[PDB]
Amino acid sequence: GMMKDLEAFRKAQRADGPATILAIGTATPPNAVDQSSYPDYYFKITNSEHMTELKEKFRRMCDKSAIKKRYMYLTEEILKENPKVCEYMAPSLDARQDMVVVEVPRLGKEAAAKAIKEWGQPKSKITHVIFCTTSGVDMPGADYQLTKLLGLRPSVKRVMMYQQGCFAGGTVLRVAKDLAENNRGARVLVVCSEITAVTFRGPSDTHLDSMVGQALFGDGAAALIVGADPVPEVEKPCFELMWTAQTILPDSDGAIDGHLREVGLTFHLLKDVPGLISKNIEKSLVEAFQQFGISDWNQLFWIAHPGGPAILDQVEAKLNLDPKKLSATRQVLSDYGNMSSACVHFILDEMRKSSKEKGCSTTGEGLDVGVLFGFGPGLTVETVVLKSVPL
């Protein structure tokens, strides 16, 4: 049948044009946590109310975090029910898994429903599913639970991405690009859902770097629809994927390790992550942009994973970016904190929306081409080159 012209089959089977983002939805747990009052809340709920000096150390970390609030599934009531999670290093993985194996696909489905609504196509047109999370693992995975919760077709092609950490927001785009571009009609639902129940723990005045996560990490899920060859007048791209890369930074061994253990997930930073990123990022820009004749990085619209404010500040200084470049990035960090893989997609959403509100000519702040970066364990840097769409 198709066996007598397999070149014809291969050509019919693949898409024509570039992968595009056709919709973005986001969701968070309902409970907003004010950063100004977090130190007091966190030392009370971890029964450390009376560790005065360490409390002020954490207050200082929070005040320099450039975060105003975060959303968290972990409420005071839940922590009351789960005292082992409020301790610094108690056996608590089972407890944490019992939470996140449910909440991760639940929050993800909430984001996906909003993306699907925007997209406006029936959910039976979804052909692929990429689920990304760093909180908990289970078999079948969160990709399976989402498929069930959403009532997608049994035959969706799923890619389940566990435990990759903060660069993975870039990774899901890199995977989605290939899936959508190589399969005609393919519509990829991408979900990044991050819940900090797996990392939350009490303070230790002999292990201060564990507090950094307690100041920075928030909860959130983002969902995208990705597909090539958008139907005219029906589907509405907001960005096109042009090119991707992934690399491990030199001399970055052990910069950010994460171990899933009986005490849950613990992170360790052994090197200067902002310094590593800012010293090397311009090489990634040249690698990505020379072929497109772009060398002035202020002519790009920017999305950078906001692992902490120091990364943003040092990247901006090293590249001499105009202070407006990272504005959308800084705004999501301020309103949501660091939601790991979900973050850059919240930033894409904020940018295309702020751009329509400001009367910009494109979804990329009036500019044609831009860049999205994810940063995480390796030290790994994900680069995605984006095209905006006219507004």
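All residue numbers are counted from 1 along the displayed sequence.
Between the stretches 262 to 270 and 96 to 104, it is 262 to 270 that shows the larger average CA temperature factor. The mean C-alpha temperature factor is higher for 74 to 82 when 109 to 117 and 74 to 82 are set side by side. Highest CA B-factor among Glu53, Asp349, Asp335, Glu365, as stated in the entry: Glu53. Highest C-alpha temperature factor among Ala245, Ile130, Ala223, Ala90 per the entry: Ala90. Sort the modelled residues of the chain by CA B factor and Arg153 lands in the highest third.
Sorting the modelled residues of the chain by their CA temperature factor places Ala215 in the middle third. Sorting the modelled residues of the chain by their CA temperature factor places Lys125 in the lowest third. When the modelled residues of the chain are ordered by their C-alpha B factor, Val371 lands in the middle third. Among the modelled residues of the chain, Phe200 sits in the middle third by CA temperature factor in this PDB entry.
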